[PDB]
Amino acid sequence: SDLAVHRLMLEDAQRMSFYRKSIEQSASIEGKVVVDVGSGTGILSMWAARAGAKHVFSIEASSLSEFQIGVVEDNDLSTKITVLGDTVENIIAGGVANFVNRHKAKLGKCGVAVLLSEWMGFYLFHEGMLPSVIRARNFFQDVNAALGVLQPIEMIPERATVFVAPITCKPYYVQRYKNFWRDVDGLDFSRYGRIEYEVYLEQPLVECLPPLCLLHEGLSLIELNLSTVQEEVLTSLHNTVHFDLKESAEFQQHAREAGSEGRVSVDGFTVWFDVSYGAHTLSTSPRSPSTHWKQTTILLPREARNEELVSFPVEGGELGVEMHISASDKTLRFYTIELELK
């Protein structure tokens, strides 16, 4: 069932394709030393080896680490990949010198060139492992310093962005509920549709939203440089974005349906992320191919939704919002999304 979740991630072709391409394009992998943080099945470790890495350290805390040793052996890669079955944090606690002392023969004169990881949670942050990736990065930079090696570590992915967009719920309601319930062998069961829908919204909605829900193409909220981001940043994630709904292609879709006296109402905001390396981008936008992340949608209170308290004339208007991504405890792995309209 651990493996069932990993199988989900391995079936994510967009996810798989971004990492395979990024790894094959790095000029820092061949002949150099790679660390894979949170390696799971070891797929990224094994890709790095095939790409000609000198040696790979594959770090995995769970009991998958023991089976990964077997699969590495089954793929004849046991000399190029070392599995470390422990948390990043416990490896760190063992210290810089002890790391170098245990694996010096594999490190040789080279140090760590590349840090591979797939840490992204929902909107990058929620149920992710970014804080462990940051700790790993800082630790291996100290390991490099102790080896007298001064080259900075390549992060893959190297950059991450959070995107936000205002939505109307109508097309999600119509496509996922009303379309089915309105005609059940010629019977009108649409009253049941309103019910099923209203109660599912009172579950942070994590679902693949039809793109027609977008009232605007989306704006950047938070952007990260993965070589420089520090834990401190995860304590104050907030920004204010301004959606120009005038002359927005997305808004016009709905403006045409409203009629000349009609109004288009905002029911909430949907949130997604991109990460990138070199020429490659992995996107979880509703406009991109589906991924196991889907998107995360934050709704306005039902009072605001049903009475359409946030609405716009057919010509559009301006929509400002301040959004907070707030840690709900001290791990910085769990977050809540809070917003206030301008």
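Note that residue numbering follows the sequence shown and begins at 1.
In the deposited sequence, how many residues between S236 and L237 have no modelled coordinates (none, 1 to 3, 4 to 9, 10 or more)?
-> In the record, the chain runs straight from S236 to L237 with none unmodelled.
Do the CA atoms of 102-110 or those of 240-248 have the higher mean B-factor in the entry?
-> Looking at the recorded C-alpha B-factors, 102-110 comes out higher on average.
Out of 224-232 and 73-81, which stretch has the higher average CA B-factor listed in the record?
-> Taking the mean B-factor of the alpha carbons in each, 73-81 is higher.
Among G42, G31, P289, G317, single out the one with the highest C-alpha B factor in the record, please.
-> Of the candidates given, the C-alpha B-factor peaks at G31.
Between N138, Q203, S117, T161, where does the Cα B-factor run highest in the record?
-> Highest C-alpha B-factor among the listed residues goes to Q203.
In terms of the CA temperature factor given in the entry, to which third of its chain does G186 belong: lowest, middle or highest?
-> CA B-factor rank for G186: highest third.
Of the three thirds of its chain by CA temperature factor, lowest, middle or highest, which one includes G38?
-> It belongs to the lowest third of the chain when residues are ordered by C-alpha B-factor.
What third of its chain, lowest, middle or highest, does the C-alpha temperature factor of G218 fall into?
-> It falls in the bottom third of the chain.
What third of the chain, by the recorded C-alpha B-factor, contains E207?
-> According to the entry, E207 has a C-alpha B-factor in the chain's highest third.
Determine, from the deposited record, the chain-internal third of the Cα B-factor for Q253: lowest, middle or highest.
-> For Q253, the deposited C-alpha B-factor lands in the middle third.
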